[PDB]
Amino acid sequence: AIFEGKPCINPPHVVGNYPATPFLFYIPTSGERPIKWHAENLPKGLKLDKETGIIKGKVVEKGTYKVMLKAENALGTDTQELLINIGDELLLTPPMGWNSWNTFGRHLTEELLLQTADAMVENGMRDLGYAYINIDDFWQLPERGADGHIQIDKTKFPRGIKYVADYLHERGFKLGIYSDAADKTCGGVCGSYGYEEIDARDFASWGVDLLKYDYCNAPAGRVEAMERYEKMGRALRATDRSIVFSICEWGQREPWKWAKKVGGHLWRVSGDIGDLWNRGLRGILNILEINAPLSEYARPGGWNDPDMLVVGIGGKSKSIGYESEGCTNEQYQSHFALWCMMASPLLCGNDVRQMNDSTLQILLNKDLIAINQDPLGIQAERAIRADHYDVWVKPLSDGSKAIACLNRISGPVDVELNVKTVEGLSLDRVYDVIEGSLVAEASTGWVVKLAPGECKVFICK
């Protein structure tokens, strides 16, 4: 369905990059192929490839630039604005992508990465804005090299990391990598403590676009953590690239308060997510509890990270299959929907090379993703935490509001929705985002009926 019909230029409609750093953006575009793209008003230093939809180059001057994009095919055309903010901020919308950890663990290969990029090109995800392809732990060897450089495991990446980066950038993808603020990662292979500048330089030379920085084997002290993250954050900013800094100390030291100060763009708020509803240790519902009161700390350029998506894993995993039950599809959809409402990173953890329709139905929901990528970048408020359900509210950039009603229990639940449910709610026009259709219930409100584990998401104006 993504590759049928008139073109449609999908979010994000706003992108940020540091000045004088490499710039790369594939324009996510639904519609029948082939498509041809046009851009009017691209800033100095950027060029569009009209046949591939990739904007590439480098803008030296700080600024906000409004580019008009057009995509055309045999059935018609779509015209849309791209706001390019060349500035002090990255991730003006939440990062979307895939991470190697939740399914593959230490079974990384160059083959997996290139095949994952190819799948995303061909399966719809790239055209819905999934861009970051992130290497997690175990790409490197256990010991630092005798020359003081971190060693790529060349049984896994026999042409090195840059080869993968190059391949990914050819298709508009971003490369993520992983290290740890200690001598050893969570997995026991080489970390970066004390070598931040030399590792950041290497990362940059390989074309890395994102660093996840873990905290295993580091001392628990909050000041010690802050200093260690600051070292790496400054090292990343001293390179010639815009590198996303993903902070990963499991929320233990309230990173939402200090992560932006040490140069982070996203920060883990909890321990590691499991493929389970409610307690590879934290359940989906436990993570919601943690993240709910943190909505004031998120905004364009800095997001609360409730960890990687477990949509589509169904218990099957070489990293978290041990301590994980598998969820219902209802529960997976509620998981994705809530990650979208919370302006969370949408980093898939399943094997995107092969997906069932039920998984595709969730991860390719353009409307939920559109909520996630709303340029206001407000993390939804959990307006009401009742005994059996939640009501969450996300103001959107056209003045509408997204409302999510979630059933947290294993029996059916009724949730009354009316104009006093949350501040400033209008119900004259209500769109059901999971069904993709207008709701024909009363403008004075109605009872939402939720099956066990079900979330309903409405856009309300």
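In this text, residue numbers run from 1 along the sequence as written.
Going from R279 to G280, the model skips 4 to 9 deposited residues, which lack coordinates. For the pair 140-148 and 325-333, the mean B factor over Cα atoms is greater in 325-333. Stretches 25-33 and 427-435 differ in mean CA B factor, with 427-435 having the higher one. The top Cα temperature factor in the record, among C186, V121, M96, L90, falls on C186.
Comparing the C-alpha B-factors of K318, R382, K212, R268 in the entry, the top value falls on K318. For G445, the recorded CA temperature factor ranks within the highest third of the chain's modelled residues. The PDB entry assigns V415 a C-alpha temperature factor belonging to the highest third of its chain's modelled residues.
When the modelled residues of the chain are ordered by their C-alpha B factor, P452 lands in the highest third.
Sort the chain's modelled residues by C-alpha temperature factor and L294 lands in the middle third, per the entry. Annotation for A404: C-alpha temperature factor in the middle third relative to the rest of the modelled chain, per the entry.
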